Amino acid sequence: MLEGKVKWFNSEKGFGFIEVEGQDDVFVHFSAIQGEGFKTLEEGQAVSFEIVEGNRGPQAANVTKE
């Protein structure tokens, strides 16, 4: 699992970017967010996650709020 920080997140639209040291920023969609409750992220929130890449390029998967 990768560790990173939420760079920014549009809570209304349900998407943002995770920033991570060395690597580029990682697009995160709300459907990647684990746990219970309404799925959203806060700027600067610590997350653990993976990067999954299909034919639309890399994005965050299995994002867990730490």
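Residues numbered from 1 in each chain as written, not as in the entry; some residues may be left out. Heavy atoms only, no water. Residues with missing side-chain atoms left out of burial classes, pairs and counts.

- Structure determination for this entry, per the PDB record, employed X-ray crystallography and reached 2.10 Å resolution.

**Notes on the pairing of strand β5 (residues 57-65)**
- Note: strand β4 (residues 46-54) against β5, seven bridges, orientation antiparallel. Bridge pairing links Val 47 to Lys 65 in β5.
- Two successive antiparallel strands, β4 and β5, enclose a turn made up of two residues. (Pairing = 2+ DSSP bridges. Helix = DSSP H or I, 4+ residues; strand = E, 2+ residues; numbered from the N terminus.)

**Comments concerning the packing of aromatic side chains**
- In total, this model carries four aromatic pairs according to the counting rule given.
- Where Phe 17 meets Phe 27, the ring centres are 5.8 Å apart and the plane angle is 65°; that geometry is what we call edge-to-face. Of the two residues, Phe 17 is situated in strand β2 (residues 15-19) and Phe 27 in strand β3 (residues 26-29); the sequence distance between them amounts to ten residues.
- Under the relative-accessibility criterion, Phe 17 is labelled partly exposed at 24%.
- Here a set of aromatic residues connected by ring pairs shows up, and it is made of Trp 8, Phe 15, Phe 17 and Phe 27. (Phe/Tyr/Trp six-rings, centres within 6.5 Å; stacked < 30°, edge-to-face > 60°. Buried < 20%, exposed > 50% of the residue type's maximum accessible area, 1.4 Å probe, protein only.)

**Some details on the nonpolar core**
- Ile 18, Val 28, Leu 41, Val 47, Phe 49, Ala 60 and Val 63 are the most contacted members of the largest nonpolar core, which has 13 residues in total.
- Within the residue set of this core, elements represented by two or more residues are β1 (2-10), β3, β4 and β5.
- Ignoring anything within four residues of it in the chain, the contact list for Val 28 reads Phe 9, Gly 14, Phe 15, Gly 16, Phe 17, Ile 18, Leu 41, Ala 60 and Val 63. (Core = buried A, V, L, I, M, F, W, Y, C linked by side-chain atoms within 4.5 Å. Contact = heavy atoms within 4.5 Å.)

**Focus: the side chain of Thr 40**
- In this fold, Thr 40 is placed in the loop between β3 and β4.
- Side chain to side chain, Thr 40 and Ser 11 meet in a polar contact 2.8 Å long.
- For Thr 40, the residues in contact, after removing those within four places along its chain, are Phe 9, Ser 11, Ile 33 and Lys 65. (Polar contact = N/O pair within 3.5 Å; in protein donor to acceptor, adjacent residues only side chain to side chain.)

**Brief notes about the UniProt feature "domain: CSD" (unreviewed entry) in the chain**
- When the UniProt feature table is mapped onto this chain numbering, "domain: CSD" (unreviewed entry) sits at residues 1-65.
- Within the segment residues 1-65, helix and strand shares are 0% and 55% respectively, and the terminal C-alpha atoms sit 13 Å apart. (UniProt positions renumbered as here; feature names shortened; annotations may be inferred.)

**Considerations on the pairing of β1**
- Here four bridges tie β1 to β4, and the two strands are oriented antiparallel to one another. Looking across to β4, one finds that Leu 2 is bridged to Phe 49.
- Relative to β2, β1 runs antiparallel, the two being bridged by five bridges. Looking across to β2, one finds that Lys 5 is bridged to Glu 19.
- Once β1 ends, the chain turns through four residues before running back antiparallel as β2, passing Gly 14 with a positive phi of about 80°.

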